2 protein chains.
Amino acid sequence: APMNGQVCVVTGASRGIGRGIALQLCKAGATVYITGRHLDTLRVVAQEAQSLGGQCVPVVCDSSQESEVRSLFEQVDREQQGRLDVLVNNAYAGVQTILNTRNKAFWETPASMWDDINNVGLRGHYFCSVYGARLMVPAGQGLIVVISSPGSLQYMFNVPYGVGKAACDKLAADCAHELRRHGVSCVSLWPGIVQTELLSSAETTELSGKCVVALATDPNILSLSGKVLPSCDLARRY
Amino acid sequence: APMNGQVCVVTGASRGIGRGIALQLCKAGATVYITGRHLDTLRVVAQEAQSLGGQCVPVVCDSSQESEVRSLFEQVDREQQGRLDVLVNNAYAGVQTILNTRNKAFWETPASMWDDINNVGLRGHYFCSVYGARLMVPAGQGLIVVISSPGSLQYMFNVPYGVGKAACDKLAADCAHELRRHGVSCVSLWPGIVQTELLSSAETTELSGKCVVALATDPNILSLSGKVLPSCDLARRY
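The residue numbers you see begin from 1 on each chain and track the sequence as written, which may not match the entry, and residues missing coordinates are not shown. Starting at A for chains and at 1 for ligands, labels are handed out in the order in which the entities are written. Excluded from the side-chain calculations are hydrogens and water; all other atoms, namely the structure's heavy atoms, are used. Residues with missing side-chain atoms are left out of burial classes, side-chain pairs and their counts.

A.B. asks: Quick question: what am I supposed to make of the relation of the copies chain A and chain B here?
C.D. replies: For the pair chain A and chain B, the superposition axis carries a translation of 0.0 Å, the fit reaches an RMSD of 0.0 Å, and the rotation angle comes to 180°. In the structure described here, the two chain copies are related by an operation that fits a two-fold rotation axis. Taking the C-alpha atom as reference, chain A places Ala167 of chain A closest to the rotation axis, 2.5 Å from it. Each copy is brought onto the others through a least-squares superposition of its C-alpha atoms.

A.B. asks: Sorry, what's going on with the UniProt feature "binding site: substrate" in chain A here?
C.D. replies: Residue and element names in this part refer to chain A. Under the UniProt annotation, the feature "binding site: substrate" is placed at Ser149. Runs of H or I in DSSP of at least four residues are treated as helices and runs of E of at least two as strands, each being numbered from the N terminus. Within the secondary structure, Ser149 is located in the loop between β5 (143-147) and α6 (159-179). The class for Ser149 is buried, based on a relative accessible area of 6%. Every residue pair with non-hydrogen atoms within 4.5 Å of one another is taken to be in contact. When sequence neighbours within four positions are dropped, the list of residues in contact with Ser149 reads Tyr161, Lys165, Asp169 and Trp190. UniProt positions are given in the numbering used here, feature names are shortened, and annotations may be inferred rather than shown by experiment. Three exposure classes are used, based on accessible area relative to the maximum for each residue type with a 1.4 Å probe and protein chains only: buried under 20%, partly exposed in between, and exposed over 50%.

A.B. asks: Please explain the pattern of salt bridges as it appears in this structure.
C.D. replies: A side chain of one charge can pair with a side chain of the opposite charge when the charged atoms of the two come close. Residues and elements named next belong to chain B. We count a salt bridge whenever a side-chain nitrogen from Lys or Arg sits within 4 Å of a carboxyl oxygen from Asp or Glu. Going through the model one piece at a time under the given rule, you end up with 16 salt bridges over all chains. A salt bridge links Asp174 to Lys170; the shortest N-O distance between them is 2.6 Å. Here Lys170 and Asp174 lie together in helix α6 (residues 159-179), a separation of 4 residues that amounts to about one turn. In this structure, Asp174 and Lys170 share a single accessibility class: buried.

A.B. asks: Explain the nonpolar core here, please?
C.D. replies: One broad rule of soluble globular proteins: the nonpolar side chains tend to lie buried together. Residues enter a nonpolar core if they are buried and are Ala, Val, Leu, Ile, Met, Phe, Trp, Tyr or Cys, with the set joined through side-chain atoms within 4.5 Å. Core analysis: the biggest nonpolar cluster contains 87 residues, and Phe73 and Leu179 of chain A together with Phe73 and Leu179 of chain B have the highest contact counts within it. With sequence-adjacent residues up to four places away left out, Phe73 of chain A is seen in contact with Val9, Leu84, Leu87, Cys128, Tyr131, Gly132 and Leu135 of chain A.

A.B. asks: Looking at this model, I keep getting lost on the UniProt feature "active site" in chain A. Mind explaining?
C.D. replies: All names here are of chain A. The UniProt feature table records "active site" at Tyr161. In this fold, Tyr161 is placed in helix α6. Using a relative accessible area of 10% as the deciding quantity, one classes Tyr161 as buried. Residue contacts for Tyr161: discarding those within four places in its chain leaves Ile98, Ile117, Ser149, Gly151 and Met156.

A.B. asks: Could you clarify how one ought to interpret the sheet that holds strand β2 (residues 31-36) of chain B in this entry?
C.D. replies: Picture the strands of a sheet paired through backbone hydrogen bonds; they go either parallel or antiparallel. Residue and element names in this part refer to chain B. A pair of strands counts as paired when DSSP detects no fewer than two bridges linking them. Across the sheet, 7 strands lie side by side as β3-β2-β1-β4-β5-β6-β7; this open sheet has parallel pairing. Of all the strands in the sheet, the pair left with one neighbour each is β3 (55-60) and β7 (228-230). Going from strand to strand, the sheet's axes swing by 20° on average, the running direction of each strand aside. Pairing of strand β6 (residues 185-190) with β7, which is carried by 3 bridges, proceeds in the parallel orientation. Under this scheme, a helix contributes an axis fitted over its contacting stretch, all axes are lines through C-alpha atoms, and angles between N-to-C directions fall in the 0 to 180 degree range.

A.B. asks: I keep staring at the packing of helix α1 (residues 16-27) of chain A against helix α7 (residues 201-216) of chain A and nothing clicks. Help me out?
C.D. replies: Packed helices, taken two at a time, are described by the angle their axes make and the gap between the axes. Residues and elements named next belong to chain A. Interhelical geometry of α1 versus α7 gives an angle of 50° and a closest axis separation of 7 Å. What the angle tells us is that α1 and α7 run oblique. As for how α1 packs across α7, the hand of that crossing is right-handed. Counted together, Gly16, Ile17, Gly20, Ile21, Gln24 and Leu25 of α1 and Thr204, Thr205, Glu206, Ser208, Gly209, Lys210, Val212 and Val213 of α7 form the full contact between these two elements. Note that the term roughly parallel is reserved for angles under 35 degrees, roughly antiparallel for angles over 145, roughly perpendicular for angles of 65 to 115, and oblique for everything else. Should the near helix be turned counterclockwise from the far one by less than a right angle, the crossing is left-handed, whereas a clockwise turn marks it as right-handed.

A.B. asks: I tried to follow the side chain of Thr101 of chain A on my own but got confused; where do I start?
C.D. replies: Residue and element names in this part refer to chain A. Here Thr101 shows up in the loop between α4 (95-100) and α5 (113-136). Residue class for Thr101 comes out buried when judged on its relative accessible area of 17%. Polar contact is defined as a pair of N or O atoms within 3.5 Å, subject to the rule that within protein one atom must be able to donate a hydrogen and the other to accept it, and that residues adjacent in sequence are counted only when both atoms are side-chain atoms. From its side chain, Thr101 meets the backbone oxygen of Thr97 in a polar contact 2.9 Å long. Excluding residues within four positions of it along the chain, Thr101 makes contact with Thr109, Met113 and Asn158.

A.B. asks: Explain the interface of chain A and chain B here, please?
C.D. replies: The extent of an interface is frequently quoted as the accessible surface area lost upon association of the parts. With 42 residues of chain A at the contact, the number on the chain B side is 42 residues. Buried area: the accessible surface (1.4 Å probe) lost by two parts on joining, summed over both. Summed over both partners, the interface of chain A with chain B buries about 3,500 Å², with 68% contributed by carbon and sulfur atoms. For chain A, the biggest contributors to the area lost against chain B are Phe106, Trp107 and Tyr126 of chain A; these three give 23% of the whole. Taken together, chain A and chain B are joined by 2 salt bridges. Across the pair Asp115 of chain A and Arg123 of chain B runs a salt bridge, and its minimum N-O distance is 2.8 Å. Inspection of the region where chain A meets chain B yields 16 residue pairs in polar contact. Elements that contribute at least two residues to the side of chain A that touches chain B include exactly α5 and α6 of chain A.

A.B. asks: Looking at this structure, I do not really get the packing of aromatic side chains. What am I missing?
C.D. replies: The relative placement of two aromatic rings is captured by the distance of their centres and the angle of their planes. Planes of paired rings set the category: under 30 degrees apart is stacked, over 60 is edge-to-face and the rest tilted, where pairs are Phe, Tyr or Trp rings (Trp by its six-membered ring) whose centres lie within 6.5 Å. Inspection of every chain in the model, using the stated rule, returns 8 aromatic pairs over all chains. Seen from their ring centres, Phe157 of chain B and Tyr161 of chain B are 4.8 Å apart, and the 50° between their planes marks the pair as tilted. Note on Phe157 of chain B: relative accessible area 28%, which makes it partly exposed. Ring pairing ties together the aromatic residues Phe106, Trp107 and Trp114 of chain A together with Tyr126 of chain B, which thus form one cluster.

Next up, the structure:
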């Protein structure tokens, strides 16, 4: 199995893109830590993931809480003797809020809407990247994936969404910059939008997973580090 | 006086760029609300500002706290009968941390460093923009200025700094997009870096202020809305 012996962490894995990626990583033979706020939900994904192969470890982690993120990566370190190969920073937190407030302007919606979209979905990504990079850098290898979209380039849906996406693409680029000399890669993946109402999803989440497995097993992964990667192009590459 | 009758809010006004802008706005005859965590410090700036002209109103506001931002704009609404012409979203919060951690990588510094740079300096800007826009939109005019830098384009200093700057430039663009039909402008000003150790400052902070007065009194300001504006170019324009 291609990812036998490898260790992954996938955030926002209870549904959608994160769940699709967790499933493909386990299918490739990895041990995959999956996170979310609710253990029961994660266990159902884990049952399905582990059925495809590898191992799947539900961890309750609200990534808006730095101490919970620390706890997550302490567990990984403890259980895997410091090994971490792949971190997928993914968040569905806030997408439902985006949907509910369609066609309301940023001054019409509550100011706190920022936190529904850019806490777990930006701030949490930074926290995870810090703790994950701490495990990768000593090994001289590893891959951090930030899930983003064309909202990084232009107005899309609403203000906090687009600002968050600009920030996520930059997070990938700037982390890549610092990590390169240590042999660790960081990319921004645009897997396409699962929530089509925003704009098959089933097919799409599976494709996203296959892309992450492809990236994680590419000997030339460092050459893509710091780039934006549309998932459709990766399909063609691989 | 060019800005007689006008009402401004300048965040991070205790020193540096924010202080320079507050001073020039008062000199132009505006009423300027200035914010910060410490009233005593703000009062000293206000004494100097009000000496140049206009009026200067210190308001204690930790913009990481949404309820404090609400309170700030409630005061403005109450005291000025709903009038707000200019909001300058400016933050020096975190710059000293950037300096102290020079040449330490994002995984070497604490994860919480994100909050030193991108709480008041990103999240707070969103909160202020929401509450300020609520006052501007009914009037069909007004100007929101986001202070940013070339760190929006490329790696600069450290990860959270650059990510924050990418987010700030996007915040200006996306707010501009929604505001345009209501006649309200939003721009990203790159005034140059006051903290030169990062890379005269005195001259620079005064220039930044003069630029904001120029922008705020430009009948064609909407044509610049959504753009990045280097302060040196605005000098030439005005």
